Amino acid sequence: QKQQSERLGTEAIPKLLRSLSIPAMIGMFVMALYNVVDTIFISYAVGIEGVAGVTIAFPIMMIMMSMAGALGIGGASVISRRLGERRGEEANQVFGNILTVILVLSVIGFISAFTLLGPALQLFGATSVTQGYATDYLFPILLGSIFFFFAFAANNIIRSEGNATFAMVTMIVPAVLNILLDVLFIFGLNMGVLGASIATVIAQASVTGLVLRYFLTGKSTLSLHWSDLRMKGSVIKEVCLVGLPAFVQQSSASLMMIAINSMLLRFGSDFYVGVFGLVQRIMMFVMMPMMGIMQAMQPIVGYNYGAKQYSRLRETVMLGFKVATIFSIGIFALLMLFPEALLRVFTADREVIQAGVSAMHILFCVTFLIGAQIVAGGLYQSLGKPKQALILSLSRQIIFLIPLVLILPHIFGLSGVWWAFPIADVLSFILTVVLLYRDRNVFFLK
């Protein structure tokens with residue numbers, strides 16, 4: 001029991017989504033800019049040798065943020081399941097008792113900087129150039145670590161409460177900084193990668209500075225305490241309980257995309273890694289749309305399960321599906337008519353716009369099914385029962401995907417690239433259909 005500060009808690013619900021989504025949408029977008037407008041730099045004061053540095057580096061960046069993401073999400077879906085179900089101070093408790101595990105790790109990485117950095121970095125496709133570059137990238141970022149985690153903690157708790165707005169600002173603002181701050185070093189000076197990393201730390205510094213305000217200074221939205229508040233919860237088990245699938249879901253891809261990257265270092269030393277690199281930020285970018293609609297119900301479907309207005313969550317959960325679906329067909333469409341024009345950033349051969357878009361064609365007559373197949377994922381996760389999402393993730397990500405790339409590539413072709421995806425997802429979907437008539441309880445409405 002606390003003071004439910006302004007935000008909402010008001011059940012104004014399908015503008016609770018309206019208003020909630022767009023914030024994510026926005027900075028989610030913005031910061032995706034930073035990529036672009038930053039890497040396009042790293043593709044200058046350095047060439048492509050380091051554009052690859054970055055990209056090898058990457059999944060090690062993700063190896064951390066996943067753990068903290070868990071710990072983040074956990075927080076959210078705890079702190080939502082405990083603000084309708086109004087344990088208003090269990091909240092206060094959690095928050096800090098996460099900051100623990102964080103500042104625990106914040107150091108595991110400060111350690112691992114001065115440790116497992118190189119060991120693992122060289123441990124696949126180490127190109128002497130790129131080696132040094134990705135080292136030069138990863139070192140600072142870990143120094144380093146703290147600002148980083150706390151700030152994904154922050155941005156996830158504060159959604160988990162309600163500030164999608166102050167969110168924006170946790171994004172918008174590295175972003176703006178992390179351009180001008182790059183230009184500062186990267187081109188402006190000449191500290192390239194070596195210096196883009198120490199930019200993107202001074203980024204994540206000058207936010208944390210600020211989230212401290214939206215947690216201490218006129219502590220905003222909700223329960224937030226700071227001298228002894230946290231020690232080491234018995235809740236730790238409650239958060240890892242949650243995040244359990246949450247961090248699976250990254251270490252699912254992340255850990256498998258070390259592979260596809262390091263195996264695409266054995267053929268294409270760099271030329272091809274900078275096009276892994278690229279072909280991502282169009283998936284994720286044109287994922288956002290969905291991603292962001294997701295993070296709206298992160299916590300909406302949060303204070304209403306709780307002990308609150310069950311009648312008004314199906315309203316979300318239905319709506320939530322509903323929207324996603326129109327942006328399912330959405331992305332899908334424009335994914336399949338403009339697959340030229342986006343293969344005009346890829347302008348090379350007339351066989352590059354051939355099997356280079358033979359893939360980008362009926363690879364994605366799945367997309368339109370993905371809407372729910374990923375909405376599903378939030379509403380086993382906002383409702384801290386991440387045991388069926390767990391079951392659900394390792395379906396989508398591994399147990400059906402590799403077994404089917406494997407069952408195709410044990411000779412079947414660069415079709416074992418095709419069928420291995422469009423068909424994988426569908427079972428994830430059909431399964432995710434079942435996962436819901438499994439509970440005529442999320443949607444006990446239609």
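Readers should treat all values here as calculations from the given coordinates under stated rules, not as data from a laboratory. Here the Cβ positions follow ideal geometry from the backbone for every residue, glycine too, while neighbour counts run over all protein chains shown.
How far apart, in nm, are two points set 7 Å out from the Cα along the Cα-to-Cβ line at residue 310 and at residue 37?
4.9 nm
Could you tell me the distance between the Cα centroids of the range 150-170 and the range 1-55, to the nearest Å?
Using only Cα atoms, the two centres lie 11 Å from each other.
Can you compute the FRET efficiency between residue 284 and residue 227 using 1/(1 + (r/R0)^6), with r the Cβ-Cβ distance and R0 = 51 Å? Round to the nearest 0.05. Mind showing how you got there, number by number?
Working: r = 40 Å, r/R0 = 0.78.
Result of the calculation: an efficiency of 0.80.
Determine which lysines satisfy two conditions relative to residue 308: a Cα distance under 22 Å, and not lying fewer than 8 residues away in the same chain.
Here the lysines satisfying the reach criterion relative to residue 308 are 2, 15, 385, 446.
Which GluC sites (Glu not before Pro) from the range 306-384 combine a DSSP loop assignment with at most 10 other Cβ atoms within 10 Å?
351
What ranking, highest mean first, results for peptides 317-324, 239-246, 228-235 when packing means the other Cβ atoms within 10 Å averaged over each residue? The partial results should precede the final answer.
Working: 317-324: 21.0, 239-246: 22.6, 228-235: 13.2.
Those peptides, ordered most packed to least, come out 239-246, 317-324, 228-235.
Within 11 Å, Cβ to Cβ, of residue 384, how many net charges do the neighbouring residues add up to if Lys/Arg are +1 and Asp/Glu are -1?
Surrounding charge for residue 384 is +2.
How far is it, in nm, from the label point at residue 271 to the one at residue 259 when both lie 7 Å from their Cα along the line to the Cβ?
With each label point 7 Å from Cα toward Cβ, the separation is 2.5 nm.
Taking 0.36 nm per residue of separation and subtracting the Cα-Cα distance, what length does fully extending residue 407 through residue 123 add?
Contour length minus Cα-Cα distance gives 99.5 nm.
So what's the net charge close to residue 141: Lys and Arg +1, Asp and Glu -1, counting the other residues with Cβ under 15 Å from its Cβ?
Local charge sum for residue 141: -3.
Which value, in debye to the nearest 20, describes the size of the charge dipole of the chain about its Cα centre when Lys and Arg Cβ atoms bear +1, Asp and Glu Cβ atoms bear -1, and nothing else is charged?
I would put it at about 1520 debye.
How long are the semi-axes of the equivalent ellipsoid of the chain, defined as square roots of 5 times the Cα gyration tensor eigenvalues? Whole Å, largest first. If you can, show how the numbers build up before the last one.
Working: eigenvalues 231, 166, 77 Å².
Gyration-tensor ellipsoid for the chain: 34, 29, 20 Å.
Need one number: nm distance between label points at residue 349 and residue 441, each 7 Å from Cα along Cα→Cβ, rounded to one decimal.
About 5.5 nm separates the two model spin labels.
Just from its helices, what would the mean residue ellipticity at 222 nm be for the chain, if runs of 4 or more DSSP H residues each count -39500 (n - 2.57) and the sum is divided by every residue, rounded to the nearest 500 deg cm²/dmol? Let's see the in-between values first.
On the way: 20 runs with 275 residues, N = 446.
The helix contribution divided over the chain gives -20000 deg cm²/dmol.
Count charges around residue 240 for me, please; just the other residues with Cβ under 14 Å from its Cβ, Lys/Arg as +1, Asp/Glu as -1.
+2
Taking Cα centroids, how far is the range 340-389 from the range 81-147 in Å?
For the range 340-389 versus the range 81-147, the Cα centre distance is 28 Å.
Working only with C-alpha atoms, what are the Rg and Dmax values of the range 1-82, expressed in angstrom?
18.8, 56
Among 133, 303, 185, which residue has its Cα positioned farthest towards the positive end of the charge dipole of the chain, with +1 placed on the Cβ of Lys and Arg, -1 on the Cβ of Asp and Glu, and the dipole taken about the Cα centre?
303
How big is the range 398-446 in terms of Cα radius of gyration and Dmax, in angstroms?
Answer for the range 398-446, Rg first and Dmax second: 14.8, 47 Å.
Compute the semi-axes of the equivalent ellipsoid of the range 276-347, taking the square root of 5 times each eigenvalue of the Cα gyration tensor, and list them largest first in whole Å.
In descending order, the three semi-axes are 34, 13, 5 Å.
Given the options 158, 92, 247, identify the residue whose Cα lies farthest towards the positive end of the charge dipole of the chain (+1 on Cβ of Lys, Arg; -1 on Cβ of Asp, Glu).
Toward the positive end, the furthest listed residue is 92.
Using the Cα atoms of the range 302-446 to build a convex hull, what is its mean projected area in square nanometres?
With every direction weighted equally, the projected area is 9.9 nm².
With point charges of +1 on the Cβ of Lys and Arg and -1 on the Cβ of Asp and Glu, referenced to the Cα centre of the chain, which listed residue (51, 290, 12) lies farthest in the positive direction of the dipole?
Of the options given, the answer is 12.
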